[PDB]
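Presented below, as structure tokens, is a lone chain in the form deposited in one PDB entry.
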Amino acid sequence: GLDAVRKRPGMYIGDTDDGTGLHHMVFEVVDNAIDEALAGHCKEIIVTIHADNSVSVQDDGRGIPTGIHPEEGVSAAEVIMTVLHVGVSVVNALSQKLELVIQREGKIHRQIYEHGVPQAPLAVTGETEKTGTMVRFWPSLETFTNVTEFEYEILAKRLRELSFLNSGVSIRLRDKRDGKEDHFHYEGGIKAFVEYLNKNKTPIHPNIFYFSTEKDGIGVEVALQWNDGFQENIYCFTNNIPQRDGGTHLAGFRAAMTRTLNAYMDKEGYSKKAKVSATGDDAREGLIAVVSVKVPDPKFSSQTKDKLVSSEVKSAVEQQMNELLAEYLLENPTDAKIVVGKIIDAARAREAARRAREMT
């Protein structure tokens, strides 16, 4: 139970050679800081890549409970830091050292670990006016072999997308090796995610379509905006975990996208005037989108979580999109007319190209 993680580290944290698992150590500690930010205590998180190949995550939350656990005997923090529910105990187990520092009441509680085992019990080092949780870990080279050094751009890209995915939360990334610094505090949320993806692009319409709904236990937050280009870029998420290969949520998004735009174009009479039938591929051209769904007990294809297979999430995303995208199209006719105008041109060009193949 306790030593099972050190034996098979790739099972609990992911690939230990290519750098996925090593950087996932930081993200698991960050996710716990973010979970406290979702509680409404932690307003700032400070990820720090230190000079000696170690990452720390200082937050300004209430702190990990120092309250003494009666069954175990040790503190409640030690239970969270060792006993499995991924969990921070996985990060603690696969680390040559882990410095835990908790600022709770007005007492700086400190604890050092080595390979998951604590060097001593949790003890009050000094006093403090502030409150928060700091965890600094040194990843074990026995576990992590090839990619051993932390990588700024990997932590940068994920902490930035975590800031979008967690509406109003501050993430600071500091690199003491070269003084490189970032501050991600995107208050716009997944709407601002779409802006960031479109900041170098040229949006053809101003109003970004957005919603955030909760039907049959499944949270569905979607934000999208077309651009002048012809590239589809839909970024899919399930409990803030990305999906590279897409999934059911992506399927329901695309399902509703096509139905809604076809239903609009046929009703308003755009397909009739154009003499052309539009497909999903045309509606997909130039699309940037984010689909952040919140599922309580989701199913994935594999432990990598690159594809979501929860069939309930498709129907959840599809019907919610279908109502609100249709509501968007009527309420924003200038955006609708610009978007539909691009889709008709894409449908005209495709059908003319297909007609060109057949006709000689």
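The numbering used is simple: start at 1 and walk along the sequence shown.
Separately, the form deposited in another entry exists; it is not shown, and the next lines address it.
- Among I343, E28, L250, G21, the residue lying at the hinge where one rigid part turns against the other between this form and the one not shown is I343.
- Whereas the displayed form keeps them at a certain spacing, the CA atoms of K43 and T213 lie at least 3 angstroms closer in that other deposited form.
- Cα of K294 to Cα of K43: at least 3 Å shorter in that other deposited form than in the shown structure.
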